[PDB]
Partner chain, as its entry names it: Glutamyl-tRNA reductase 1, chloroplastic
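Given next, in C-alpha cells, is a single chain: the form deposited without its partner chain.
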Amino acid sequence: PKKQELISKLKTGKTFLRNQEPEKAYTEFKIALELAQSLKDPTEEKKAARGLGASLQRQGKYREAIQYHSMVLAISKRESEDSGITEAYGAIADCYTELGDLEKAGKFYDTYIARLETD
C-alpha cells in the first residue's frame, strides 16, 4: 500500500508543479516525504524533499525551501548516495540569491558549477 501511494504522490506532486499549482504539489510531496520516511527509503525521501523545496520556491518561500533542499544534501551524506545533490546546490544558491544572501549564494553556486564541470 505505502510503496504504491508513495509512487503515486510523487507523480501527482510533479504534475501539480508542472501545472503551476505549488500549494497542491506541496501537499502531495509532504505525504510522499512522510511515507518515504516510514518506509525507510532515503532515495525516495530525497525526491520528496526536492519536490517540497521546488514547491516552496514557486511560492516565494525561500527559507523553507532551503530547509528541504538541504535534506537532499543531508540524506546523501548519511547514505553515501549522491543522487540529486548537484540540483540541490543550484536550487539552494537560487534561494539565497532571492533572499539577498550573496555570500551563501556564491558558496553554493561555486560548488554547483564545480560539480557540473565533472558531469
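Only residues modelled in both forms are compared. What we label the rigid core is the largest C-alpha set whose atoms superpose within 1.5 Å from one form to the other. Residue numbers count along the first chain shown, from 1.
Below: the form solved in complex with its partner chain, not depicted.
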property	result
Listed residue that, although its partner chain is not shown, lies within 4.5 Å of it in the deposited complex (heavy atoms), from 27, 59, 67, 83	83
Its partner chain contact in the deposited complex: residue 91, any heavy atom under 4.5 Å	yes
Residue 103 within 4.5 Å of its partner chain in the deposited complex, heavy atoms	yes
Residue 87 within 4.5 Å of its partner chain in the deposited complex, heavy atoms	yes
Touches its partner chain in the deposited complex: residue 16 (any heavy atom, 4.5 Å)	no
Heavy atom of each of 98, 110 and 113 within 4.5 Å of its partner chain in the deposited complex	yes
Regions of at least 3 residues displaced between the shown form and the other one by 2 angstroms or more (CA, core superposed)	117-119
